[PDB]
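Counting starts at 1 for both ligands and their atoms, in listed order. All residue numbers refer to positions in the sequence shown, counting from 1. These values consider heavy atoms only, across backbone and side chains, with no hydrogens, waters or symmetry-generated copies.
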Amino acid sequence: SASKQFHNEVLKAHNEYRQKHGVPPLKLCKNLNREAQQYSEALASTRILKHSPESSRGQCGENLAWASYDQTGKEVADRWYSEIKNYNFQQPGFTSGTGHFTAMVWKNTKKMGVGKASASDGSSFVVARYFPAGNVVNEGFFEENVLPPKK
Ligand SMILES: O=P(O)(O)O[C@H]1[C@H](OP(=O)(O)O)[C@@H](OP(=O)(O)O)[C@H](OP(=O)(O)O)[C@@H](OP(=O)(O)O)[C@H]1OP(=O)(O)O
């Protein structure tokens with residue numbers, strides 16, 4: 001099934017990148033998958049892109065992606081990770097230009113869910129949810145949770 005495939009591709013890419021950053025793997029979570037899929041259907045129905053109430057109260061972390069076409073899991077995770085090119089490891093903290101990358105690799109995050117839905121014009125709306133929530137801007141937390149890559 002297309003949904004299982006998308007789940008596998010997004011998780012495998014997240015975990016390859018987390019191993020590069022020396023943090024533990026994520027596991028998929030059934031409940032986060034179901035909630036992320038529900039939210040993706042709400043976004044695709046209106047063609048709107050904005051964060052959920054859950055995200056805005058810190059109940060979960062959330063990454064959003066859009067394309068005019070049905071996106072693969074690898075393509076979504078690679079696009080989010082590519083934000084590392086804008087991240088300054090000697091100036092740790094949030095920026096909008098790096099926020100999907102820093103949520104993907106956040107050390108303390110343990111579980112994720114993902115969903116995807118098409119709109120009426122064939123565009124697609126993707127939602128990933130993360131628990132515990134990352135991207136916490138409290139002093140020191142990015143330095144503790146967003147580690148440099150090792151080869
Ligand atoms: O729904 P069942 O007939 O009980 O089969 C389930 C189910 O397979 P389906 O995906 O077709 O529903 C699980 O998949 P989901 O719940 O993710 O949809 C799958 O888990 P996996 O996603 O890892 O394939 C699980 O397998 P398992 O219990 O070994 O983890 C498998 O159960 P059985 O294959 O043992 O029947």
query: Under 3.5 Å, is there a donor-acceptor pair between the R18 and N15 side chains?
result: no
task: For atom 24 (O) of ligand 1, state whether the nearest protein heavy atom is under 4.0 Å away.
output: yes
- prompt: Will you find, in the side chains of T72 and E9, an N or O donor that is under 3.5 Å from an N or O acceptor?
  reply: no
query: Hey, is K4 touching ligand 1 through its side chain, its backbone, both or neither, going by heavy atoms under 4.0 Å?
result: side chain
field: Exercise: do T98 and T95 side chains pair donor with acceptor under 3.5 Å
entry: yes
message: Can you check atom 21 (P) of ligand 1: any protein non-hydrogen atom closer than 4.0 Å?
response: yes
message: Yes or no, since that's all I need: does a protein heavy atom fall within a distance strictly under 4.0 Å of atom 4 (O) of ligand 1?
response: no
message: Does either side chain, that of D70 or that of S124, offer a donor lying less than 3.5 Å from an acceptor on the other one?
response: no
- prompt: Does a side-chain N-to-carboxylate-O contact under 4.0 Å join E16 and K20?
  reply: no
- prompt: How far is atom 16 (O) of ligand 1 from its nearest protein heavy atom, and which residue and atom name does that atom have?
  reply: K30 NZ, 4.2 Å
